$ cat query.tsv   # TSV, C-alpha atoms and all ligand atoms
chain	number	residue	atom	x	y	z
A	1	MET	CA	38.48	-53.04	-59.59
A	2	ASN	CA	39.05	-49.34	-60.09
A	3	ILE	CA	37.09	-46.43	-61.65
A	4	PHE	CA	38.48	-47.10	-65.13
A	5	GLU	CA	37.57	-50.75	-65.16
A	6	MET	CA	34.15	-49.93	-63.73
A	7	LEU	CA	33.27	-47.32	-66.38
A	8	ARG	CA	34.69	-49.46	-69.15
A	9	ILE	CA	32.17	-52.13	-68.12
A	10	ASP	CA	29.30	-49.70	-68.03
A	11	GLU	CA	30.00	-47.77	-71.22
A	12	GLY	CA	31.68	-50.29	-73.51
A	13	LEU	CA	34.30	-49.42	-76.16
A	14	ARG	CA	33.46	-48.42	-79.73
A	15	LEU	CA	35.87	-47.12	-82.34
A	16	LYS	CA	33.23	-45.69	-84.68
A	17	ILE	CA	30.64	-42.94	-84.07
A	18	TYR	CA	27.55	-44.49	-82.59
A	19	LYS	CA	24.43	-43.33	-80.89
A	20	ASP	CA	24.00	-43.54	-77.14
A	21	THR	CA	20.93	-44.70	-75.27
A	22	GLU	CA	19.46	-41.21	-75.57
A	23	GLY	CA	20.25	-41.13	-79.28
A	24	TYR	CA	23.24	-38.81	-79.05
A	25	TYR	CA	26.32	-39.07	-81.14
A	26	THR	CA	29.13	-40.75	-79.10
A	27	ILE	CA	32.47	-42.46	-79.60
A	28	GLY	CA	35.05	-44.51	-77.63
A	29	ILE	CA	34.28	-45.04	-73.96
A	30	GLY	CA	31.07	-43.05	-73.41
A	31	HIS	CA	32.53	-39.84	-74.87
A	32	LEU	CA	29.53	-37.65	-75.83
A	33	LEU	CA	30.24	-35.75	-78.98
A	34	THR	CA	27.15	-33.56	-79.57
A	35	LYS	CA	23.46	-33.47	-78.72
A	36	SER	CA	22.87	-32.31	-82.29
A	37	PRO	CA	21.08	-34.54	-84.77
A	38	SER	CA	23.74	-33.92	-87.33
A	39	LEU	CA	26.21	-36.60	-88.16
A	40	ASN	CA	28.24	-33.85	-89.61
A	41	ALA	CA	28.02	-31.79	-86.46
A	42	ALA	CA	29.46	-34.97	-84.81
A	43	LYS	CA	32.25	-35.64	-87.28
A	44	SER	CA	33.34	-32.07	-86.79
A	45	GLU	CA	33.40	-32.27	-83.00
A	46	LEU	CA	35.30	-35.50	-83.27
A	47	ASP	CA	38.08	-34.03	-85.40
A	48	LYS	CA	38.22	-31.09	-83.04
A	49	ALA	CA	38.55	-33.49	-80.05
A	50	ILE	CA	41.27	-35.68	-81.69
A	51	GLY	CA	43.19	-33.09	-83.60
A	52	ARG	CA	42.99	-34.97	-86.84
A	53	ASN	CA	40.69	-35.85	-89.64
A	54	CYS	CA	39.10	-38.96	-88.39
A	55	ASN	CA	36.12	-39.39	-90.60
A	56	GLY	CA	34.12	-40.90	-87.69
A	57	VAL	CA	36.71	-43.50	-86.77
A	58	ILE	CA	39.36	-43.58	-84.04
A	59	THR	CA	42.08	-45.86	-82.69
A	60	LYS	CA	42.02	-47.61	-79.28
A	61	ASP	CA	44.73	-45.35	-78.00
A	62	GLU	CA	42.72	-42.28	-79.02
A	63	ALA	CA	39.67	-43.67	-77.27
A	64	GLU	CA	41.69	-44.22	-74.10
A	65	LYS	CA	43.14	-40.76	-74.30
A	66	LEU	CA	39.61	-39.33	-74.31
A	67	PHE	CA	38.60	-41.63	-71.45
A	68	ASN	CA	41.53	-40.41	-69.35
A	69	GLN	CA	40.50	-36.77	-69.92
A	70	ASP	CA	36.91	-37.38	-69.11
A	71	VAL	CA	37.49	-39.23	-65.83
A	72	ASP	CA	39.94	-36.49	-64.73
A	73	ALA	CA	37.39	-33.81	-65.74
A	74	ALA	CA	34.70	-35.74	-63.84
A	75	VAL	CA	36.86	-35.88	-60.70
A	76	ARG	CA	37.88	-32.14	-60.82
A	77	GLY	CA	34.28	-31.20	-61.49
A	78	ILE	CA	33.08	-32.96	-58.26
A	79	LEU	CA	35.91	-31.30	-56.32
A	80	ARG	CA	34.95	-27.86	-57.61
A	81	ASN	CA	31.28	-28.26	-56.97
A	82	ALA	CA	29.86	-26.91	-53.69
A	83	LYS	CA	27.14	-29.46	-53.65
A	84	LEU	CA	29.21	-32.46	-54.64
A	85	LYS	CA	32.52	-31.93	-52.86
A	86	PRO	CA	31.21	-32.44	-49.34
A	87	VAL	CA	29.57	-35.64	-50.38
A	88	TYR	CA	32.64	-37.03	-52.02
A	89	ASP	CA	34.76	-36.04	-48.97
A	90	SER	CA	32.47	-37.89	-46.69
A	91	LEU	CA	32.66	-41.12	-48.61
A	92	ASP	CA	34.81	-44.27	-48.54
A	93	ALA	CA	36.92	-45.27	-51.61
A	94	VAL	CA	34.34	-47.63	-53.29
A	95	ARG	CA	31.36	-45.31	-52.92
A	96	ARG	CA	33.50	-42.46	-54.27
A	97	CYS	CA	33.77	-44.46	-57.50
A	98	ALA	CA	29.97	-44.70	-57.62
A	99	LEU	CA	29.59	-40.92	-57.46
A	100	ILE	CA	32.25	-40.45	-60.11
A	101	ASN	CA	30.32	-42.91	-62.29
A	102	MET	CA	27.07	-40.89	-62.09
A	103	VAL	CA	28.94	-37.70	-62.83
A	104	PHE	CA	30.65	-39.10	-65.93
A	105	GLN	CA	27.25	-40.31	-67.20
A	106	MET	CA	25.01	-37.44	-66.26
A	107	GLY	CA	27.19	-34.43	-65.73
A	108	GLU	CA	27.79	-32.44	-62.56
A	109	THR	CA	24.66	-30.44	-62.89
A	110	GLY	CA	22.50	-33.53	-63.16
A	111	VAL	CA	23.83	-35.32	-60.09
A	112	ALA	CA	23.89	-32.11	-58.08
A	113	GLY	CA	20.13	-32.15	-58.69
A	114	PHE	CA	19.71	-35.35	-56.63
A	115	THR	CA	19.38	-33.23	-53.47
A	116	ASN	CA	17.67	-35.78	-51.25
A	117	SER	CA	19.81	-38.80	-52.21
A	118	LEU	CA	22.99	-36.67	-51.77
A	119	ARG	CA	21.84	-35.76	-48.26
A	120	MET	CA	21.18	-39.39	-47.38
A	121	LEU	CA	24.56	-40.53	-48.67
A	122	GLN	CA	26.26	-37.92	-46.62
A	123	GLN	CA	24.37	-39.20	-43.59
A	124	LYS	CA	25.45	-42.77	-44.39
A	125	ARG	CA	21.89	-44.00	-44.64
A	126	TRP	CA	22.74	-46.56	-47.37
A	127	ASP	CA	19.44	-48.31	-47.75
A	128	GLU	CA	17.44	-45.12	-47.76
A	129	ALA	CA	19.65	-43.48	-50.36
A	130	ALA	CA	19.45	-46.57	-52.60
A	131	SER	CA	15.69	-46.44	-52.49
A	132	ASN	CA	15.54	-42.77	-53.32
A	133	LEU	CA	18.11	-42.98	-56.14
A	134	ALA	CA	15.76	-45.53	-57.85
A	135	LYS	CA	12.95	-42.97	-58.14
A	136	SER	CA	14.42	-41.28	-61.10
A	137	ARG	CA	14.31	-41.11	-64.85
A	138	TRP	CA	17.95	-42.32	-64.82
A	139	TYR	CA	17.00	-45.60	-63.23
A	140	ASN	CA	13.97	-46.01	-65.47
A	141	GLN	CA	15.97	-45.38	-68.63
A	142	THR	CA	19.08	-47.50	-67.89
A	143	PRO	CA	17.99	-49.86	-65.15
A	144	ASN	CA	20.85	-52.43	-65.28
A	145	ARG	CA	23.61	-49.83	-65.07
A	146	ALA	CA	21.68	-47.80	-62.42
A	147	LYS	CA	21.18	-50.97	-60.31
A	148	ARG	CA	24.88	-51.67	-60.47
A	149	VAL	CA	25.79	-48.13	-59.25
A	150	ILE	CA	23.08	-48.15	-56.71
A	151	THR	CA	24.30	-51.48	-55.35
A	152	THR	CA	27.73	-50.03	-55.04
A	153	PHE	CA	26.35	-47.15	-52.88
A	154	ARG	CA	24.27	-49.57	-50.76
A	155	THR	CA	27.02	-52.08	-49.99
A	156	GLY	CA	30.35	-50.34	-50.32
A	157	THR	CA	31.79	-53.33	-52.23
A	158	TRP	CA	32.34	-54.14	-55.91
A	159	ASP	CA	29.97	-57.06	-55.88
A	160	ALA	CA	27.77	-55.77	-58.69
A	161	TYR	CA	30.77	-55.71	-60.97
A	162	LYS	CA	32.27	-59.06	-60.28
A	201	CL	CL	10.07	-42.32	-60.39
A	202	CL	CL	21.20	-50.28	-68.48

$ encode --input "query.tsv" --output "structure tokens"
Amino acid sequence: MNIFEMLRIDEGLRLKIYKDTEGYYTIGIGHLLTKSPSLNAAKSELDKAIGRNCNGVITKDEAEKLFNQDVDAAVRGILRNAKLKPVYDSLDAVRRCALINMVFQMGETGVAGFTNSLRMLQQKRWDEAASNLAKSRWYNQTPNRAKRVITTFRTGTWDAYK
């Protein structure tokens, strides 16, 4: 199990524009296109992202190319963030995947907002951080995925994914 396989399980793969859990226009492997209600605002973004006229549809390769960019961007974002970096640095290899997962899903700014949980992870208080992470909109909106990530933070193993 690695970060790629983990996110691919959590996000799925779709070759045609679809709407995410929040109702936003998405494509491929969790690649957010626009928060705009316009399908046209989405087809536009998509062609801009791919560099071709897609007409809302992409190939597997194109979807994986986006996925690669987004994971890389997620990682560099954590490393550049004053709030996130220390946390990441303090963690083992499995738990690091769990933080990258949240960041990919909710953006750097969102996760950086989990002040208390971040502090508990840094202190290696696994159980307490798992409890606090659960008191969030995130967990209430996408409970199965949140539980998986949370379990990963609690245990340090890939159990939740196998
Ligand atoms: Cl709550
Ligand atoms: Cl879910």

$ residues_near_ligand --input "query.tsv" --ligand "ligand CL 202 (chain A)" --cutoff "12 Å" --atoms "all atoms listed in the file" --output "PyMOL selection string"
chain A and resi 9-12+20-22+105+138-149

$ write_last_selection --input "query.tsv" --atoms "C-alpha atoms" --output "compact mmCIF listing (two decimals), in the frame of the given file"
# COMPACT_ATOMS: atom_id res chain seq x y z
CA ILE A 9 32.17 -52.13 -68.12
CA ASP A 10 29.30 -49.70 -68.03
CA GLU A 11 30.00 -47.77 -71.22
CA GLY A 12 31.68 -50.29 -73.51
CA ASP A 20 24.00 -43.54 -77.14
CA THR A 21 20.93 -44.70 -75.27
CA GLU A 22 19.46 -41.21 -75.57
CA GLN A 105 27.25 -40.31 -67.20
CA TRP A 138 17.95 -42.32 -64.82
CA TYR A 139 17.00 -45.60 -63.23
CA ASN A 140 13.97 -46.01 -65.47
CA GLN A 141 15.97 -45.38 -68.63
CA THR A 142 19.08 -47.50 -67.89
CA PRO A 143 17.99 -49.86 -65.15
CA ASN A 144 20.85 -52.43 -65.28
CA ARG A 145 23.61 -49.83 -65.07
CA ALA A 146 21.68 -47.80 -62.42
CA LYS A 147 21.18 -50.97 -60.31
CA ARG A 148 24.88 -51.67 -60.47
CA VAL A 149 25.79 -48.13 -59.25

$ residues_around --input "query.tsv" --residues "residue A:31" --least-positions-apart "6" --cutoff "10 Å" --atoms "only C-alpha atoms" --output "list in words"
residues 11, 13, 14, 17, 20, 25, 46, 63, 66, 67, 69, 70, 104 and 105 of chain A

$ closest_residue --input "query.tsv" --among "A:157, A:40, A:117, A:34" --to "residue A:95" --atoms "all atoms listed in the file"
A:157

$ closest_residue --input "query.tsv" --among "A:111, A:94, A:100, A:106" --to "residue A:155" --atoms "all atoms listed in the file"
A:94

$ residues_near_point --input "query.tsv" --point "(17.2, -49.6, -54.1)" --cutoff "8 Å" --atoms "only C-alpha atoms" --output "ChimeraX atom specification"
/A:127-134,147,150-151,154

$ decode --input "query.tsv" --residues "stretch 23-114 of chain A" --atoms "C-alpha atoms" --output "PDB file, in the first residue's frame"
ATOM      1  CA  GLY A  23     -21.771  18.847  -5.687  1.00  0.00           C
ATOM      2  CA  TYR A  24     -18.677  20.247  -7.382  1.00  0.00           C
ATOM      3  CA  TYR A  25     -17.602  19.475 -10.864  1.00  0.00           C
ATOM      4  CA  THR A  26     -14.778  16.858 -10.799  1.00  0.00           C
ATOM      5  CA  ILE A  27     -13.015  14.409 -13.095  1.00  0.00           C
ATOM      6  CA  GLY A  28     -10.509  11.505 -12.927  1.00  0.00           C
ATOM      7  CA  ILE A  29      -9.139  10.695  -9.489  1.00  0.00           C
ATOM      8  CA  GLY A  30     -10.688  13.365  -7.245  1.00  0.00           C
ATOM      9  CA  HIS A  31      -9.474  16.250  -9.439  1.00  0.00           C
ATOM     10  CA  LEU A  32     -11.675  19.259  -8.547  1.00  0.00           C
ATOM     11  CA  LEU A  33     -12.393  21.322 -11.601  1.00  0.00           C
ATOM     12  CA  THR A  34     -14.454  24.306 -10.351  1.00  0.00           C
ATOM     13  CA  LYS A  35     -16.753  25.244  -7.499  1.00  0.00           C
ATOM     14  CA  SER A  36     -18.919  26.998 -10.088  1.00  0.00           C
ATOM     15  CA  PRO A  37     -22.366  25.676 -10.918  1.00  0.00           C
ATOM     16  CA  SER A  38     -21.630  25.912 -14.581  1.00  0.00           C
ATOM     17  CA  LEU A  39     -21.013  22.815 -16.579  1.00  0.00           C
ATOM     18  CA  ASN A  40     -19.486  25.102 -19.074  1.00  0.00           C
ATOM     19  CA  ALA A  41     -17.239  26.704 -16.510  1.00  0.00           C
ATOM     20  CA  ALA A  42     -16.118  23.062 -15.873  1.00  0.00           C
ATOM     21  CA  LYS A  43     -15.611  22.023 -19.479  1.00  0.00           C
ATOM     22  CA  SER A  44     -13.448  25.083 -19.898  1.00  0.00           C
ATOM     23  CA  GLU A  45     -11.275  24.361 -16.866  1.00  0.00           C
ATOM     24  CA  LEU A  46     -10.930  20.812 -18.044  1.00  0.00           C
ATOM     25  CA  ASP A  47      -9.602  21.768 -21.482  1.00  0.00           C
ATOM     26  CA  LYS A  48      -7.277  24.224 -19.802  1.00  0.00           C
ATOM     27  CA  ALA A  49      -6.006  21.435 -17.472  1.00  0.00           C
ATOM     28  CA  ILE A  50      -5.512  18.854 -20.283  1.00  0.00           C
ATOM     29  CA  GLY A  51      -4.391  21.074 -23.087  1.00  0.00           C
ATOM     30  CA  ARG A  52      -6.959  19.772 -25.491  1.00  0.00           C
ATOM     31  CA  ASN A  53     -10.580  19.925 -26.346  1.00  0.00           C
ATOM     32  CA  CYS A  54     -11.986  17.203 -24.258  1.00  0.00           C
ATOM     33  CA  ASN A  55     -15.657  17.875 -24.256  1.00  0.00           C
ATOM     34  CA  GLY A  56     -15.954  16.562 -20.658  1.00  0.00           C
ATOM     35  CA  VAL A  57     -14.211  13.270 -21.321  1.00  0.00           C
ATOM     36  CA  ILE A  58     -10.632  12.129 -20.678  1.00  0.00           C
ATOM     37  CA  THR A  59      -8.448   9.048 -21.086  1.00  0.00           C
ATOM     38  CA  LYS A  60      -7.042   6.925 -18.219  1.00  0.00           C
ATOM     39  CA  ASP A  61      -3.575   8.201 -18.895  1.00  0.00           C
ATOM     40  CA  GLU A  62      -4.800  11.802 -18.671  1.00  0.00           C
ATOM     41  CA  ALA A  63      -6.527  11.035 -15.403  1.00  0.00           C
ATOM     42  CA  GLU A  64      -3.322   9.549 -14.014  1.00  0.00           C
ATOM     43  CA  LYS A  65      -1.317  12.501 -15.186  1.00  0.00           C
ATOM     44  CA  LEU A  66      -3.604  14.798 -13.186  1.00  0.00           C
ATOM     45  CA  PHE A  67      -3.397  12.472 -10.170  1.00  0.00           C
ATOM     46  CA  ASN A  68       0.406  12.586 -10.266  1.00  0.00           C
ATOM     47  CA  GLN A  69       0.355  16.411 -10.295  1.00  0.00           C
ATOM     48  CA  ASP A  70      -2.101  16.661  -7.495  1.00  0.00           C
ATOM     49  CA  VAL A  71      -0.307  14.297  -5.098  1.00  0.00           C
ATOM     50  CA  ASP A  72       3.000  16.121  -5.796  1.00  0.00           C
ATOM     51  CA  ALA A  73       1.256  19.485  -5.231  1.00  0.00           C
ATOM     52  CA  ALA A  74      -0.270  18.089  -2.023  1.00  0.00           C
ATOM     53  CA  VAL A  75       3.149  16.960  -0.756  1.00  0.00           C
ATOM     54  CA  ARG A  76       4.950  20.279  -1.628  1.00  0.00           C
ATOM     55  CA  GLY A  77       2.094  22.222  -0.095  1.00  0.00           C
ATOM     56  CA  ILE A  78       2.519  20.419   3.305  1.00  0.00           C
ATOM     57  CA  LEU A  79       6.283  20.989   3.115  1.00  0.00           C
ATOM     58  CA  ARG A  80       5.817  24.702   2.482  1.00  0.00           C
ATOM     59  CA  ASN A  81       3.264  25.203   5.174  1.00  0.00           C
ATOM     60  CA  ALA A  82       4.461  26.422   8.591  1.00  0.00           C
ATOM     61  CA  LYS A  83       1.667  24.695  10.357  1.00  0.00           C
ATOM     62  CA  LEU A  84       1.796  21.419   8.479  1.00  0.00           C
ATOM     63  CA  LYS A  85       5.496  20.810   7.935  1.00  0.00           C
ATOM     64  CA  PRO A  86       6.384  20.188  11.571  1.00  0.00           C
ATOM     65  CA  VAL A  87       3.588  17.704  11.855  1.00  0.00           C
ATOM     66  CA  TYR A  88       4.585  15.798   8.787  1.00  0.00           C
ATOM     67  CA  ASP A  89       8.246  15.769   9.945  1.00  0.00           C
ATOM     68  CA  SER A  90       7.271  14.291  13.219  1.00  0.00           C
ATOM     69  CA  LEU A  91       5.364  11.420  11.718  1.00  0.00           C
ATOM     70  CA  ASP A  92       6.129   7.834  10.652  1.00  0.00           C
ATOM     71  CA  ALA A  93       5.681   6.745   6.979  1.00  0.00           C
ATOM     72  CA  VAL A  94       2.050   5.396   7.266  1.00  0.00           C
ATOM     73  CA  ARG A  95       0.668   8.344   9.203  1.00  0.00           C
ATOM     74  CA  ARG A  96       2.360  10.688   6.725  1.00  0.00           C
ATOM     75  CA  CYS A  97       0.118   9.143   4.052  1.00  0.00           C
ATOM     76  CA  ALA A  98      -2.918   9.929   6.212  1.00  0.00           C
ATOM     77  CA  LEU A  99      -2.011  13.623   6.380  1.00  0.00           C
ATOM     78  CA  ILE A 100      -1.369  13.731   2.654  1.00  0.00           C
ATOM     79  CA  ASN A 101      -4.819  12.183   2.152  1.00  0.00           C
ATOM     80  CA  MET A 102      -6.596  14.943   4.136  1.00  0.00           C
ATOM     81  CA  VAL A 103      -4.658  17.604   2.286  1.00  0.00           C
ATOM     82  CA  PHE A 104      -5.549  16.232  -1.160  1.00  0.00           C
ATOM     83  CA  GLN A 105      -9.228  16.148  -0.125  1.00  0.00           C
ATOM     84  CA  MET A 106      -9.555  19.349   1.823  1.00  0.00           C
ATOM     85  CA  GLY A 107      -6.709  21.577   0.827  1.00  0.00           C
ATOM     86  CA  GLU A 108      -3.841  22.884   2.931  1.00  0.00           C
ATOM     87  CA  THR A 109      -5.839  25.673   4.411  1.00  0.00           C
ATOM     88  CA  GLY A 110      -8.551  23.324   5.617  1.00  0.00           C
ATOM     89  CA  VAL A 111      -6.291  20.847   7.394  1.00  0.00           C
ATOM     90  CA  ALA A 112      -4.144  23.616   8.822  1.00  0.00           C
ATOM     91  CA  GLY A 113      -7.380  24.657  10.555  1.00  0.00           C
ATOM     92  CA  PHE A 114      -7.453  21.426  12.618  1.00  0.00           C
TER      93      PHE A 114
END
